[PDB]
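This report refers to the structure that appears directly beneath it.
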Amino acid sequence: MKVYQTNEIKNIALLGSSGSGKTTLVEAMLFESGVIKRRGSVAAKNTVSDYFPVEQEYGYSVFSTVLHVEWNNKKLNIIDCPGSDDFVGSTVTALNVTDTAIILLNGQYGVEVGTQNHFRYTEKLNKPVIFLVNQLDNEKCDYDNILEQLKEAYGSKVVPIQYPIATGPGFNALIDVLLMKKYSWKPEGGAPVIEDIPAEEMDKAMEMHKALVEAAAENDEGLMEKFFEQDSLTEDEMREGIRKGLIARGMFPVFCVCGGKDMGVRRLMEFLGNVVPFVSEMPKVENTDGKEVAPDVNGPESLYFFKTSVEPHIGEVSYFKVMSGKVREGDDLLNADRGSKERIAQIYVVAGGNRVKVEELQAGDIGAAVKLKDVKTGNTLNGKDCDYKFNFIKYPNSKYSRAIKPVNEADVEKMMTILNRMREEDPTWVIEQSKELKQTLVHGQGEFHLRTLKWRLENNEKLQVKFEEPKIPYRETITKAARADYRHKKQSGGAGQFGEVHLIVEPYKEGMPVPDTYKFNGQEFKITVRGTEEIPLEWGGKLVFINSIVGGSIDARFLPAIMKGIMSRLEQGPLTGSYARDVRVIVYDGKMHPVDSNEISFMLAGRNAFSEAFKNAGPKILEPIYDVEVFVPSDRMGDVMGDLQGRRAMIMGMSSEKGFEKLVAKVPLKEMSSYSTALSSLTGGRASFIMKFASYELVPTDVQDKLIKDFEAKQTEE
Ligand SMILES: Nc1nc2c(ncn2[C@@H]2O[C@H](COP(=O)(O)OP(=O)(O)OP(=O)(O)O)[C@@H](O)[C@H]2O)c(=O)[nH]1
Ligand SMILES: [Mg+2]
């Protein structure tokens, strides 16, 4: 409730591999700061962070939780990312908002594949990294090995700050380097018995202290001058280097903490409030107009909303971060996107699932608000003097897609509303409503990511849903030139409705002009350029209606009747009932009755004539393909290439980058239906791929035959 200044706040986001001790460490930090009363164990299913229903039934974190700990004149805006693999949507969301990332390492395991994955996100976003070793009570541990495992993984910038005397359940003291003191503890935990380093470990402290002061010296030019003068920095002069070094991204500290037994948590909270990048020194964020927005406390107020947790039995809560300015209760704010004139009734400060009414949130601090009208994720709310509108968080591309569908076709509207709300909760649940496919597409990050969406629908809102294979957008085309003739006449009403049009059909490709000669069955037809028209279609492709009526043999105003007739049959498609594309149509000769021919006469004449041109020509089916850039380790490069060779892929590139590689391919979309599941199995969760549409190409005939037989099988049900 106590209003915190700009210099007294600081943003941290917890990262690390799954099952490393992030949620449990959060519980200890809140307990030692007095936010909660008694610790709740993850087995007891009463933790502060994992307060969601789905997040409890699994037993591990699903949604990152925003929460704070009050310490000595410093407030920490900790965000506890889930740390899994299929929930990286919330990891990038929290890592853009925050200003420093702490990576947790499991002592028993060491540097897992989850640790490697998250550290790549920090490199992408240029965020500080502090390595934090946890779970030191497991006997299957060796702190020397953990640094040894990590020393080659990342550069020599890594320097330790603490080391335990000995691991195992008997661990109750760890020798520090930053404060040159040994911190003993009791089995209950929470009571740091500060005590000067013993004689045996006195030898081990100096060289790392010499190493530690050396690491912080090079970070700042001024501190290097102090190194020459005094040859040693004791407490605070070397603390400034870590501030700049983390900004410089050239110093990764290593810690020790037992989150299970609350050993070092008080020391951990003291460190972060002591030396991390400030909200001011962190590289300023810029809005969509290029203005380098700075964390100015006195500037205009601007709310950025990034999380919209709608956890049941509490209500819709929309978290926000203030990029600049300050927020008083009962202020006036304008929605940058679709301005609804929102008035924040009362702001809140959030500590997991528990909120406390507060009267002010200075710039660069995370907050919360409840019961808003028209605020969605990504909407920026700001004052009337400035029209700031932020868009700087780019989520990773989709990696797995299924078409959701209710068990009964009566709750479709309800399922639309729920999915929209959950897309608001997690923006990575990309939903596209394709009219051509006539299906509700759900996009995520893997097979497991969409299963979590299913579970929330099944339990929280009591709606049954199922995931089905998504339809494929197929396009028709033709191979070789051909033609046909057709004539029409009907004398059941008034006029004869006479219509006869001879037209030539051939594929259209850019760069090749139309010839004036066509060899059809040992006969010659003359084509002249009377009209060059290329109408785009709403479903992609092109249509060319080159006309060659000889000087006015047929009426020169009756062409539009054929125009709508062709597209009527072009939309359907004879081979598979799908849209066609890239066809150049040549119309030259026809027979026209002087008075009995109207628009409907030629519309039917053109339509039926065009329909029969395909089966005399060569029809084909086009399969969309996606450019794929698989980031794969060198160890499993061979197995990944083989699988692509089973996907009818095309090897195009081979990039040797660090320990990993980078593979380029053009894999058909149908073969990419379930690749994220398959790629993880082959590699072991150490690879990622990116899809990118690259137009339609043809298919081998065996694929073509499979489609046509299935197409008629559905029609037989009538
Ligand atoms: N041996 C040992 N185990 C611990 C310690 N602290 C926590 N654990 C266990 O480690 C497990 C890891 O659980 P979490 O910390 O909740 O997992 P997380 O950090 O939220 O990451 P996710 O599993 O992806 O959600 C928990 O079930 C704890 O029981 C510890 O100090 N020593
Ligand atoms: Mg977790």
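Residue numbering restarts at 1 in every chain; chains get A, B, ... in the order shown in the structure tokens, and ligands count up from 1 in that same order.
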**Request:** Mind the document's chain letters and residue numbers, and return as a PyMOL selection string the residues of range 263-464 of chain A that DSSP labels alpha helix (DSSP H).
**Result:** chain A and resi 265-274+412-425+447-459
Take the residues that were just selected and, keeping C-alpha atoms, output them as an mmCIF file, in the first residue's frame.
```cif
data_model
loop_
_atom_site.group_PDB
_atom_site.id
_atom_site.type_symbol
_atom_site.label_atom_id
_atom_site.label_comp_id
_atom_site.auth_asym_id
_atom_site.auth_seq_id
_atom_site.Cartn_x
_atom_site.Cartn_y
_atom_site.Cartn_z
ATOM 1 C CA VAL A 265 16.023 -16.483 0.207
ATOM 2 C CA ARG A 266 16.467 -13.458 2.468
ATOM 3 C CA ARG A 267 19.956 -13.044 1.014
ATOM 4 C CA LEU A 268 18.502 -13.466 -2.482
ATOM 5 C CA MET A 269 15.897 -10.745 -1.940
ATOM 6 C CA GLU A 270 18.570 -8.426 -0.552
ATOM 7 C CA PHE A 271 20.743 -8.922 -3.645
ATOM 8 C CA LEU A 272 18.090 -8.100 -6.239
ATOM 9 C CA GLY A 273 16.986 -4.979 -4.395
ATOM 10 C CA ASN A 274 20.680 -4.095 -4.062
ATOM 11 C CA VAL A 412 -20.872 -22.601 -31.260
ATOM 12 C CA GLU A 413 -21.602 -19.003 -30.255
ATOM 13 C CA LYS A 414 -20.682 -19.765 -26.638
ATOM 14 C CA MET A 415 -17.393 -21.356 -27.700
ATOM 15 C CA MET A 416 -16.614 -18.272 -29.799
ATOM 16 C CA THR A 417 -16.935 -16.047 -26.723
ATOM 17 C CA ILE A 418 -14.872 -18.319 -24.468
ATOM 18 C CA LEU A 419 -12.025 -18.715 -26.968
ATOM 19 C CA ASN A 420 -11.917 -14.941 -27.451
ATOM 20 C CA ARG A 421 -11.595 -14.512 -23.682
ATOM 21 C CA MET A 422 -8.833 -17.124 -23.491
ATOM 22 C CA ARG A 423 -7.029 -15.604 -26.475
ATOM 23 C CA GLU A 424 -7.115 -12.438 -24.375
ATOM 24 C CA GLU A 425 -5.635 -14.384 -21.447
ATOM 25 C CA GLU A 447 0.394 -30.602 -29.180
ATOM 26 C CA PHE A 448 0.489 -29.980 -25.429
ATOM 27 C CA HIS A 449 -0.224 -26.243 -25.708
ATOM 28 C CA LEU A 450 -3.648 -26.821 -27.262
ATOM 29 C CA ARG A 451 -4.395 -29.617 -24.785
ATOM 30 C CA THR A 452 -4.139 -27.028 -22.011
ATOM 31 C CA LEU A 453 -6.702 -24.928 -23.881
ATOM 32 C CA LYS A 454 -8.934 -28.000 -24.085
ATOM 33 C CA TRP A 455 -8.642 -28.678 -20.350
ATOM 34 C CA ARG A 456 -9.682 -25.131 -19.438
ATOM 35 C CA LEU A 457 -12.711 -25.427 -21.724
ATOM 36 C CA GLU A 458 -13.625 -28.867 -20.355
ATOM 37 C CA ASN A 459 -13.473 -27.968 -16.651
#
```
**Item:** ligand 2 neighbours within 6 Å using only C-alpha atoms and all ligand atoms, as a count of residues only
**Value:** 7
**Item:** Env. residues ligand 1 / 8 Å / only C-alpha atoms and all ligand atoms / as a ChimeraX atom specification
**Value:** /A:16-25,41-43,50,59-62,80-84,108,134-138,257-262
**Message:** Taking only C-alpha atoms into account, name the residue in A:177, A:314, A:254, A:587 that is nearest to residue 51 in chain A.
**Reply:**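 For residue 51 in chain A, the nearest of the candidates is A:314.
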**Request:** Within 9 Å of residue 128 in chain A, counting only C-alpha atoms, which residues show up once you throw out same-chain ones fewer than 4 positions away? Write them as an MDAnalysis selection string, please.
**Result:** chainID A and resid 99:102 122:123 245:252 276:277
Convert the current residue selection to file output with C-alpha atoms, as a PDB file, in the first residue's frame.
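File selection.pdb, as written:
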```
ATOM      1  CA  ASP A  99      14.077  -5.403 -16.980  1.00  0.00           C
ATOM      2  CA  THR A 100      16.138  -8.370 -15.708  1.00  0.00           C
ATOM      3  CA  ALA A 101      15.897 -12.145 -16.112  1.00  0.00           C
ATOM      4  CA  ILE A 102      16.938 -14.692 -13.480  1.00  0.00           C
ATOM      5  CA  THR A 122      17.430 -13.265 -23.407  1.00  0.00           C
ATOM      6  CA  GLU A 123      19.960 -13.041 -26.245  1.00  0.00           C
ATOM      7  CA  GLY A 245      27.797  -5.027 -16.592  1.00  0.00           C
ATOM      8  CA  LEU A 246      24.293  -6.478 -16.677  1.00  0.00           C
ATOM      9  CA  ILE A 247      23.302  -3.636 -19.013  1.00  0.00           C
ATOM     10  CA  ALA A 248      26.432  -4.427 -21.026  1.00  0.00           C
ATOM     11  CA  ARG A 249      25.348  -8.105 -20.928  1.00  0.00           C
ATOM     12  CA  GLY A 250      28.896  -9.140 -20.097  1.00  0.00           C
ATOM     13  CA  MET A 251      28.666 -10.587 -16.591  1.00  0.00           C
ATOM     14  CA  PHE A 252      26.500 -13.526 -15.497  1.00  0.00           C
ATOM     15  CA  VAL A 276      20.190  -5.007 -10.603  1.00  0.00           C
ATOM     16  CA  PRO A 277      19.651  -2.746 -13.617  1.00  0.00           C
TER      17      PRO A 277
END
```
**Message:** Which residues are near residue 541 in chain A? Cut-off 8 Å, only C-alpha atoms, ignore same chain within fewer than 5 positions. Put them as a VMD selection string.
**Reply:** chain A and resid 536 580 to 582
**Request:** Find the residue from A:302, A:477, A:492, A:616 that sits nearest to residue 331 in chain A; use only C-alpha atoms when measuring.
**Result:**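 Smallest separation from residue 331 in chain A among the options: A:302.
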**Item:** For CA of residue 566 in chain A and CA of residue 530 in chain A, the interatomic separation in Å (one decimal)
**Value:** 19.0 Å
**Message:** Among range 451-698 of chain A, which ones does DSSP assign to strand (DSSP E) (computed from the backbone)? Answer as a ChimeraX atom specification.
**Reply:** /A:465-468,475-478,482-488,499-507,517-519,524-526,534-536,542-547,583-591,619-630,653-657,660-668,691-697
**Asked** So which residues touch range 707-709 of chain A within 8 Å, counting only C-alpha atoms, skipping near sequence neighbours fewer than 4 positions away, as number ranges by chain?
**Response** A: 575-576, 703, 713
**Message:** Restricting the calculation to only C-alpha atoms: of A:49, A:715, A:5, A:126, which residue gets closest to residue 362 in chain A?
**Reply:**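 The closest residue to residue 362 in chain A is A:5.
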